[PDB]
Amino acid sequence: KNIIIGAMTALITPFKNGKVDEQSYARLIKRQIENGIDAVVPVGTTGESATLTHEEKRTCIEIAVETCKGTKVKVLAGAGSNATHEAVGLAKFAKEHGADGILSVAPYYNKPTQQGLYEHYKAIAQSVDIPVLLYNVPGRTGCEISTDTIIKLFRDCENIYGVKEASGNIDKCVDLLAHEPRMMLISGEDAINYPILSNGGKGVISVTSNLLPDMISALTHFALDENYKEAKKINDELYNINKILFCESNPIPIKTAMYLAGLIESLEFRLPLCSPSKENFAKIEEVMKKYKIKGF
């Protein structure tokens, strides 16, 4: 199977005066490329996919594809939906614009059955010829892709090569790789990046890397080289920022941190996302003081 693994970043989407800051966006992707990141995920959860128009999604994927040309960095485009017809369309659309693969979140809100999830992802995978990474985040979607469903999809569909887990469930991570060791388990939870990698996970799709790409990149490559002592050291040092970045719902803290670091001009979200409380603003600013934040 064709795969996209390694250190990867769920890119924030900066807004300026209500619109996508296209210049900032490209500049941020170049900063990730320059700090050892292996792939970028435009228009994921961290990129506020829910509040972007279809045209803004196209724009962000196109900027990511264009910025990564001539480098080793791959573009794993977010292209999920809780409607199978729309998710299939978004997958073909990401391929048509040159994405190397797609990240496709499990359907939110309508809670499909395991059978329904299987048919959902089989339709997506059969619609394109580029790698597809499943994305399990039950706290956001209201549903869980079972281990059996993931493994069935991995074995039945060529393009489906792994899953990005954001479930706080290391037992499930053991279950997955003990029964299907060929899949690419990807950490979707920065605080437990090292435990997932040390169990055989092959990458991360990180929030923290927006702010500290060199550290997340070093962590991942130490771990993939079985330098677990060095990987664990970085994971431990990052625990405090990894947690504070979820003091409020992601991406509210990471965008606050990027703004505090001078990496984006405006602390703008699209409703229903908004600025954090005055405490969490102060707590994020205080935790950042302990880390070396790369500039441009």
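The numbering used is simple: start at 1 and walk along the sequence shown.
Averaged over Cα atoms, the B-factor as recorded in the entry is higher for 125-133 than for the other of 189-197 and 125-133. With 89-97 and 215-223 compared on mean CA B-factor from the PDB entry, the stretch scoring higher is 89-97. Comparing the listed residues 271, 41, 264, 234, the entry records the largest Cα B-factor for 264. Per the PDB record, 79 has a higher Cα B-factor than any other of 79, 163, 170, 117. Ranked within its chain, residue 68 lands in the highest third, by CA B factor from the PDB record. When the modelled residues of the chain are ordered by C-alpha B-factor, residue 293 sits in the highest third. Compared with the other modelled residues of the chain, the Cα B-factor recorded for residue 111 ranks in the middle third. The PDB entry assigns residue 4 a C-alpha temperature factor belonging to the middle third of its chain's modelled residues. The entry lists a Cα temperature factor for residue 255 that places it in the lowest third of the chain's modelled residues.
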